[PDB]
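K.L.:
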Amino acid sequence: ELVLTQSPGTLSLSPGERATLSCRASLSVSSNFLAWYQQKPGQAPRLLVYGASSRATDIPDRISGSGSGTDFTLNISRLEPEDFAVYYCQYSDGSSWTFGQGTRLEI
Amino acid sequence: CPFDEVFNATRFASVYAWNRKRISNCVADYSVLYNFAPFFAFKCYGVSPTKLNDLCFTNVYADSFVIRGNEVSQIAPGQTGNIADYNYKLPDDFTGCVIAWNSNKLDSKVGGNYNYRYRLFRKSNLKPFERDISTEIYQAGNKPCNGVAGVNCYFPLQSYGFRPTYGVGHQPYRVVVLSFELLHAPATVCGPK
Amino acid sequence: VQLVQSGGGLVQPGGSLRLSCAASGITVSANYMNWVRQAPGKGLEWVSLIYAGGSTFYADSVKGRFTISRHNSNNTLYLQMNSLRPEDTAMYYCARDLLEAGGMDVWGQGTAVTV
Numbered sequence: 001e002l003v004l005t006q007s008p009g010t011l012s013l014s015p016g017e018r019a020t021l022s023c024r025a026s027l028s029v030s031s032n033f034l035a036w037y038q039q040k041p042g043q044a045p046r047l048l049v050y051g052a053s054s055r056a057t058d059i060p061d062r063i064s065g066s067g068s069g070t071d072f073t074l075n076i077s078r079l080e081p082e083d084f085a086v087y088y089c090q091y092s093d094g095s096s097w098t099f100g101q102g103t104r105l106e107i
Numbered sequence: 334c335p336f337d338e339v340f341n342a343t344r345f346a347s348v349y350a351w352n353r354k355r356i357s358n359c360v361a362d363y364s365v366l367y368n369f370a371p372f373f374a375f376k377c378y379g380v381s382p383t384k385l386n387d388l389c390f391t392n393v394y395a396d397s398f399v400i401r402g403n404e405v406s407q408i409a410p411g412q413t414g415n416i417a418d419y420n421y422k423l424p425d426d427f428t429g430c431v432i433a434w435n436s437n438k439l440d441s442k443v444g445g446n447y448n449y450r451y452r453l454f455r456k457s458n459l460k461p462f463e464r465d466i467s468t469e470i471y472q473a474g475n476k477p478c479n480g481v482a483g484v485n486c487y488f489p490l491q492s493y494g495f496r497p498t499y500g501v502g503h504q505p506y507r508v509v510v511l512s513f514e515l516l517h518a519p520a521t522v523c524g525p526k
Numbered sequence: 002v003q004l005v006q007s008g009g010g011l012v013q014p015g016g017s018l019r020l021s022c023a024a025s026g027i028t029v030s031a032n033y034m035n036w037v038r039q040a041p042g043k044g045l046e047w048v049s050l051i052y053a054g055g056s057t058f059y060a061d062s063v064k065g066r067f068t069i070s071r072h073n074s075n076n077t078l079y080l081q082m083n084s085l086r087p088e089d090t091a092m093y094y095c096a097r098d099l100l101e102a103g104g105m106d107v108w109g110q111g112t113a114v115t116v
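Just so you know, the protein sequences line up as chains L, A and H, in that order. Going by the deposited numbering, the first residue of the first sequence is number 1, and it counts up by one from there. Going by the deposited numbering, the first residue of the second sequence is number 334, and it counts up by one from there. Going by the deposited numbering, the first residue of the third sequence is number 2, and it counts up by one from there.
1) On the criterion of 16 or more Cβ atoms from any shown chain inside 10 Å, does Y367(A) qualify as buried, or is it exposed?
2) From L385(A) to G402(A), what distance separates their C-alpha atoms?
3) Kindly indicate the opening and closing residues of the beta strand (DSSP E) around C22(H).
4) Express the C-alpha separation of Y506(A) and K354(A) in angstroms, rounding to a whole number.
5) May I ask you to verify whether the segment 3-17 of chain H touches the segment 39-53 of chain H, counting CB pairs closer than 8 angstroms and requiring at least 3?
6) Check this for me: beta carbons of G104(H) and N475(A), under 8 angstroms apart or not?
7) If we count the other Cβ atoms within 10 Å of its Cβ and call it buried at 16 or more, is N32(H) buried or exposed?
8) Determine the contact status of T77(H) and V107(H), defining contact as a CB-CB distance below 8 angstroms.
9) Roughly how many whole angstroms lie between the Cα atoms of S21(H) and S68(L)?
10) With a cut-off of 8 angstroms on the beta carbons, I'd call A96(H) and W36(H) a contact; round off their distance for me.
11) From the DSSP output, read off the bridge partner residues of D465(A).
12) How is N75(H) classed by DSSP in three states: helix, strand or coil?
13) Consult DSSP for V380(A) and reduce its assignment to one of helix, strand or coil.
14) Closer than 8 angstroms is the cut-off here; do at least three beta carbon pairs connect the segment 67-83 of chain L with the segment 19-28 of chain L?
15) So is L21(L) in contact with chain C if we call contact Cβ pairs under 8 angstroms?
16) Here's a check: name, in chain order, each residue in its chain whose Cβ is nearer than 7 angstroms to the Cβ of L47(L), leaving out the five neighbours to either side.
17) Using 8 angstroms for Cβ pairs, my map puts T428(A) next to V365(A). What's the rounded Cβ distance?
18) Could you list which residues in chain A have their beta carbon closer than 7 angstroms to that of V29(L), in chain order?
19) Pop quiz: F375(A) and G445(A) are said to be a contact at Cβ under 8 angstroms. What is the actual Cβ separation, rounded to whole angstroms?
20) Give the single residue among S96(L), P41(L), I63(L), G65(L) whose Cα lies nearest to the Cα of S26(L).
21) Hey, does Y88(L) have any beta-carbon neighbour from chain H nearer than 8 angstroms?
22) So if DSSP puts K354(A) in a beta bridge, which residue, or which two residues, is it bridged to?
23) Within 8 angstroms (strictly less), CB to CB, does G44(H) reach chain L?
24) Give the list of continuous beta strand (DSSP E) stretches no shorter than 3 residues that lie fully inside the segment 30-62 of chain H.
25) CA-CA distance, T343(A) and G15(H)?
26) Please classify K438(A): is it buried, with 16 or more other beta-carbons within 10 angstroms of its beta-carbon, or exposed?
27) Using a Cβ cut-off of 9 angstroms, pull out every chain A residue sitting near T5(L), in sequence order please.
28) Compare the C-beta of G69(L) with all C-beta atoms of chain H and state if any pair is closer than 8 angstroms.
29) Here's the rule I'm using: 16 or more other beta-carbon atoms within 10 Å means buried, otherwise exposed. How should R71(H) be labelled?
30) Going by DSSP, what residue range makes up the beta strand (DSSP E) through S7(L)?
31) Between the C-alpha atoms of residue 527(A) and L13(L), what's the straight-line distance to the nearest angstrom?
32) So with Cβ pairs under 8 angstroms, would you call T413(A) a contact of chain L?
33) In whole angstroms, give me the CA-to-CA distance for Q39(L) and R86(H).
34) At the level of alpha carbons, what is the spacing between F369(A) and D61(L)?
35) Quick test of your reading: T10(L) and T103(L), contact by CB under 8 angstroms. State the CB separation rounded to the nearest angstrom.
36) Should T115(H) be labelled buried (16 or more other beta-carbon atoms within 10 Å of its own) or exposed?
Here is the structure:
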């Protein structure tokens, strides 16, 4: 019953630079049910954050998970050549579980 | 049988450890039941709501929760969901009348609420009408979760979070489920006139 | 902890392909498992989901023509196709998506439908 728009659809970051990625729900949804996670090309997607306010295991905790109200922003402080991959944000209410459209990341 | 403690009360239990009050052997009055503002839902799954004022019943039970807005439709007799299958299940041969409240300024603090919880993890489904008080840790894997959480372990109770400006959904709906089970020994009234 | 899967292939349209997802260190008999789809050149979306209890969920586009079963003897995950259509050509992952996490995803197979 929702769409999860990610803006911008592409972002031309330079290596060793900060990155801000935001996906906004159609309604003023709660923060305790949305998660962002990576997707490498052709490989398995890897968990990044849960609840948009914490981190996940096997992660250097250099990715900032924030977002209040409607605009849920992912802040990336440092970046490495192994971390250029597309990002999906998933909302999971329990009655509506709409997904998002990824943003390609490249130099 | 005033029906004035399940309604208009400053205390409302969570989805787990839900309150339950017997209304046994007193003077019932369903004419006063309607005027507590326009409810979000007054679905009567058993008897007709217009005939419920004067029909003959038996011992009734009035439940009490707080429930998120988009999951108030999981109180129909056979549904699947966290509220419907893990915390509060209703029998398929229901004879009650679930009523919502649409409360947003009385059960939601400015900084949020964390005393309103609900169970997310359970190893099996729930028999209908079953209190589910529990604290001990879930084990999602081939490793005992003795007394500490940890990878392959979760505390099976999550705080809701009720902040203002959350929409029609995602807001704490107080829900009363007046079950009208019949035990062939009538005690309440059967039509005030 | 560690989940593998296999069982893909090329299937004529309207035929059923049996899909599998084994596990290791994760008991599928009580967890929150769900499937996700990658159509080529597109993004992800739901496929289905099975609770720890015997309650399933489906996307409204793919409602019906589906099933999800978890075996009790072996800790694997199964979904069986039915009356396949050629917009389902995609990549399927079994997942351990908790509602307070994202879990461990899977290498995944490639299911293709062609005449």
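The beta carbon of each residue, even a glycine, is placed where N, CA and C say it ideally should be.
P.N.:
The structure says:
1) Around the beta carbon of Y367(A), fewer than 16 other beta carbons sit within 10 angstroms, so the residue counts as exposed.
2) Taking the straight line from one Cα to the other gives about 27 angstroms.
3) Counting along the chain, the beta strand (DSSP E) containing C22(H) begins and ends at 19-22.
4) If you take the alpha carbons of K354(A) and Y506(A), they lie about 19 angstroms apart.
5) Verdict: no, contact absent.
6) Judged by beta-carbon spacing, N475(A) lies beyond the 8 angstroms limit of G104(H), meaning their Cβ atoms are not closer than that value.
7) Within 10 angstroms of the beta-carbon of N32(H) lie 16 or more other beta-carbons, which makes it buried.
8) It is not a contact, given that the beta carbons lie outside the stated cut-off.
9) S21(H) and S68(L) have their C-alpha atoms some 39 angstroms from each other.
10) Their Cβ separation, rounded to whole angstroms, is 7 angstroms, which keeps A96(H) and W36(H) in contact under 8 angstroms.
11) DSSP, once it has assigned bridges, lists no residue as partnering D465(A).
12) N75(H) carries a coil assignment under DSSP once its states are collapsed to helix, strand and coil.
13) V380(A) falls in the coil class under three-state DSSP.
14) Segments in contact, yes.
15) Reference to chain C is not applicable here, since the protein chains of this structure are L, A and H.
16) Take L47(L), set aside five residues on each side of it, and the residues of its chain with a beta-carbon closer than 7 angstroms to its own are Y37, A56, in chain order.
17) Not a contact, Cβ separation roughly 21 angstroms.
18) Within 7 angstroms Cβ-Cβ: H503.
19) Contact doesn't hold; Cβ gap of about 29 angstroms is too wide.
20) Of the candidates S96(L), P41(L), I63(L), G65(L), the residue whose Cα lies closest to the Cα of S26(L) is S96(L).
21) At a cut-off of 8 angstroms, the C-beta of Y88(L) has a neighbouring C-beta in chain H.
22) Paired residue(s): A395(A).
23) So, interface residue.
24) Counting whole runs of 3 or more residues, the segment 30-62 of chain H contains the beta strand (DSSP E) stretches 34-39, 45-51, 57-59.
25) Approximately 58 angstroms between the Cα atoms of the pair.
26) Looking at its Cβ environment, which holds fewer than 16 other Cβ atoms inside 10 Å, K438(A) is exposed.
27) Neighbours of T5(L) across chain A, judged by C-beta separation under 9 angstroms, do not exist; the nearest C-beta is about 17 angstroms away.
28) Not one chain H Cβ lies under 8 angstroms of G69(L).
29) Label assigned to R71(H): buried.
30) Here the beta strand (DSSP E) through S7(L) covers 4-7.
31) Nothing about residue 527(A) can be reported from this structure: the residues present for chain A run from 334 to 526 only.
32) No, its Cβ sits nowhere closer than 8 angstroms to a Cβ of chain L.
33) Cα to Cα, the separation comes out at about 26 angstroms.
34) Within the model, the alpha-carbon separation for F369(A) versus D61(L) is close to 50 angstroms.
35) The Cβ separation is near 6 angstroms, so the contact holds.
36) By the Cβ-count criterion, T115(H) is exposed, with fewer than 16 other Cβ atoms from all chains shown falling within 10 Å of its own Cβ.
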